[PDB]
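Encoded as structure tokens, the structure appears first; notes follow it.
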Amino acid sequence: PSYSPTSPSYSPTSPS
Amino acid sequence: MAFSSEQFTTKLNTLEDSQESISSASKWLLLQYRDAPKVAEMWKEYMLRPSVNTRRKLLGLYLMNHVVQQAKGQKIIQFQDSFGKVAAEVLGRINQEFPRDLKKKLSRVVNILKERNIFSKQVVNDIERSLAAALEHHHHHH
């Protein structure tokens with residue numbers, strides 16, 4: 001095991 | 001089998017709590033976003049089943065967490081839309097079974113989730129309500 005419940009992956013919110 | 005009510009399910013039975021095991025399972029599941037609503041349902045039912053253990057639930061939590069997170073990353077709302085609703089159940093029911101330590105890992109998942117708003121605030125609240133109902137305690141903000 002080694003997974004992060006956080007992760008560096010994310011992106012701004014957008015309606016499209 | 002392909003797109004069966006079992007492909008994603010067999011994945012759950014072969015996950016590992018590590019970055020790449022989850023990443024390989026995530027990137028694949030991400031390729032079949034068509035199955036997003038179905039997999040969200042099968043995912044919850046698999047976690048809510050009495051025949052699953054805390055580790056398999058932790059694995060499922062990590063898989064869906066990467067899936068919904070990476071989904072928002074490329075704006076694949078089908079995942080975060082479907083998974084979000086069933087999340088409140090799973091995360092909130094496994095919260096009643098996870099020992100303090102796995103529950104801490106989930107607590108971060110619920111945190112980063114609403115911090116980044118991977119789901120809708122209603123879904124965020126429903127997850128919080130589910131965790132809350134496990135010990136009947138609440139907070140003045142959501």
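No lab work stands behind these numbers, since they all come straight from the coordinates. For neighbour counting, all protein chains shown are included, and Cβ atoms are generated from backbone atoms with ideal geometry for every residue, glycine included.
For chain B, the mean residue ellipticity at 222 nm estimated from helices alone is -23000 deg cm²/dmol, where every DSSP H run of n ≥ 4 contributes -39500 (n - 2.57) and the total is divided by all residues, rounded to the nearest 500.
Karplus-based coupling profile of the range B:84-96, in residue order and whole Hz: x, 5, 6, 4, 4, 4, 3, 3, x, 7, 5, 4, 7, with θ = phi - 60° in 6.51 cos²θ - 1.76 cosθ + 1.60 and x standing for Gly or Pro. Note on B:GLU115/B:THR10: beta-carbon distance plugged into 1/(1 + (r/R0)^6) with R0 of 25 Å gives a FRET efficiency of 0.20. Averaged over the residues of B:66-78, the number of partner chain Cβ atoms lying within 10 Å of the residue Cβ comes to 3. With 20 Å as the limit, the listed pairs B:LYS75/B:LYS114; B:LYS11/B:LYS75; B:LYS27/B:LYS104; B:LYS72/B:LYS104 have B:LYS11/B:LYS75; B:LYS27/B:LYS104; B:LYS72/B:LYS104 beyond it between alpha carbons.
Normalising the average separation of contacting C-alpha pairs (under 8 angstrom, six or more residues apart) by the number of residues puts the relative contact order of chain B at 23 percent. Output the 0 to 90 degree angle, nearest 10, between the alpha-carbon long axis of helix B:54-73 and the longest principal axis computed from the alpha carbons of chain B. Helix B:54-73 sits roughly 80 degrees off the main axis of chain B.
Working note: Karplus 6.51/-1.76/1.60 with θ = phi - 60° gives the range B:14-21 the couplings 10, 6, 9, 6, 10, 4, 7, 4 Hz, where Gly and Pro are set to x. For B:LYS44, the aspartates and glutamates whose Cα falls under 17 Å of its own Cα, not counting residues fewer than eight places away in the same chain, are B:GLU6, B:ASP35, B:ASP81, B:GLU89, B:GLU97, B:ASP126, B:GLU128. For the peptides B:33-41, B:64-72, the ranking by mean Cβ contacts within 10 Å, running from highest to lowest, is B:64-72, B:33-41. Multiplying the residue separation of B:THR54 and B:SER18 by 0.36 nm and removing their Cα-Cα distance gives an extension gain of 11.4 nm.
In this label model, B:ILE76 and B:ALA132 are separated by 3.2 nm, measuring between points 7 Å along each Cα→Cβ vector.
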